[PDB]
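Residue numbers count from 1 along this sequence. Reckoned from all heavy atoms, side chains included, excluding hydrogens, waters and symmetry mates.
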Amino acid sequence: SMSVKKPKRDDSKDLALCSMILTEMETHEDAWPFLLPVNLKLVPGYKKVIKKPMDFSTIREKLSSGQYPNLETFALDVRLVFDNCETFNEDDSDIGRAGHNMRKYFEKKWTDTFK
């Protein structure tokens, strides 16, 4: 509360560490469904159904331009990528499996780096 603060957790490396995680996600062999924004002209249903599209290139641009106020808003966009993927894709499809694999990969790096 006013003039009463929990001890300062060092966040000075967060930007660098989120960038490293994001590089690892970008280079994973199963990243291909997520590298670029879904083409809303060419994929029927996507625009109407997926209210907030997100992809790794968009996260990379936001990261690079100071549009994440803290590491939690970064994790929210990464999870959005996988949540969108599950909304639109069957679990037993190549893309559906890719999205599960990637979410697992991310959540381990996240825990190991920050928790």
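- The 12-atom threshold is not exceeded at CG of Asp92, counting heavy atoms of other residues, nucleotides or ligands nearer than 6.0 Å.
- A donor-acceptor pair is defined here as one N or O able to donate and one able to accept, closer than 3.5 Å; no such pair exists between the side chain of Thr111 and the backbone of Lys108.
- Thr23 and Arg60 form a side-chain donor-acceptor contact under 3.5 Å, judged by distance and modelled atom types alone.
- Atom CD1 of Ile59 and atom CD of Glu26 lie 9.0 Å apart (nearest 0.5 Å).
- Going from atom CZ of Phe56 over to atom CG of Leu22 covers 7.0 Å, rounded to the nearest 0.5 Å.
- From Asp55, atom CG reaches atom SG of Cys85 across 12.5 Å, with rounding to the nearest 0.5 Å.
- Closest approach of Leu80 to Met54, counting heavy atoms only: CD2-CB, 3.7 Å.
- At a threshold of 4.5 Å between side-chain heavy atoms, the hydrophobic network of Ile, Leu, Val, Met, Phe, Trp and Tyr places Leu36 and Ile50 in two separate groups.
- For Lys104, the side-chain hydrogen bond (donor to acceptor under 3.5 Å, both in side chains) test picks out no residue, with sequence neighbours left out.
- Not counting sequence neighbours, the partners of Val38 by the side chain to side chain contact (heavy atoms under 4.5 Å, CB included) test are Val43, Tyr46.
- Around the CD atom of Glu61, the shell of radius 6.0 Å holds no more than 12 heavy atoms that belong to other residues, nucleotides or ligands.
- Residue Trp32 is not grouped with residue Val81 when hydrophobic side chains (ILVMFWY) are merged at heavy-atom distances under 4.5 angstrom, including chains of intermediate members.
- Atom OG1 of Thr58 and atom CG of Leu63 lie 12.5 Å apart (nearest 0.5 Å).
- Side-chain contact between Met20 and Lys109 is absent, with no heavy-atom pair separated by less than 4.5 Å.
- Using the six-membered ring where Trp is involved, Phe106 and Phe82 have ring planes that are tilted, between 30° and 60° apart.
- The heavy-atom pair separating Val78 from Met25 by the smallest distance is CG1-CE, 3.8 Å.
- Closest heavy-atom contact between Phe88 and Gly45: CE1-C, 3.8 Å.
- Under the 30°/60° scheme for interplanar angles, the aromatic rings of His28 and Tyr105 are found to stand perpendicular.
- Ion pairing of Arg103 with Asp83 is present here, as a side-chain N (NZ or NE/NH1/NH2) and a carboxylate O approach within less than 4.0 Å.
- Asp91 is linked by a salt bridge (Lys or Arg N to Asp or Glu O under 4.0 Å) to nothing, counting only residues two or more places apart in sequence or in another chain.
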* To do: Check step by step if side chain to side chain contact (heavy atoms under 4.5 Å, CB included) holds for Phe74 and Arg79.
  => CA-CA 9 Å; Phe74 170 81; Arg79 292 170 179 145; over 6 Å; no
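- The backbone N or O of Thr73 lies less than 3.5 Å from a partner atom in the side chain of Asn70, making a donor-acceptor pair.
- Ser1 places no side-chain N or O within 3.5 Å of a backbone atom of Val4 that could act as its donor or acceptor partner.
- Residue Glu86 holds its CD atom at 13.5 Å from CD1 of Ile95, rounded to the nearest 0.5 Å.
- Although no hydrogens or angles enter the test, the distance criterion places a donor-acceptor pair under 3.5 Å between the side chain of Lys51 and the main chain of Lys48.
- Under 3.5 Å, the side chains of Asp14 and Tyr68 contain no donor-acceptor pair of N or O atoms.
- Between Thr87 and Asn84, the side chains place no donor N or O within less than 3.5 Å of an acceptor N or O (distance only, hydrogens not considered).
- A distance of 11.0 Å separates CG in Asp77 from SG in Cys18, rounded to the nearest 0.5 Å.
- Following chains of ILVMFWY side-chain contacts shorter than 4.5 Å, one can reach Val49 starting from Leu40, so the two form part of one hydrophobic cluster.
- By the rule that hydrophobic residues join a cluster once side-chain heavy atoms approach within less than 4.5 Å of another member, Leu17 and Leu71 end up as members of one cluster.
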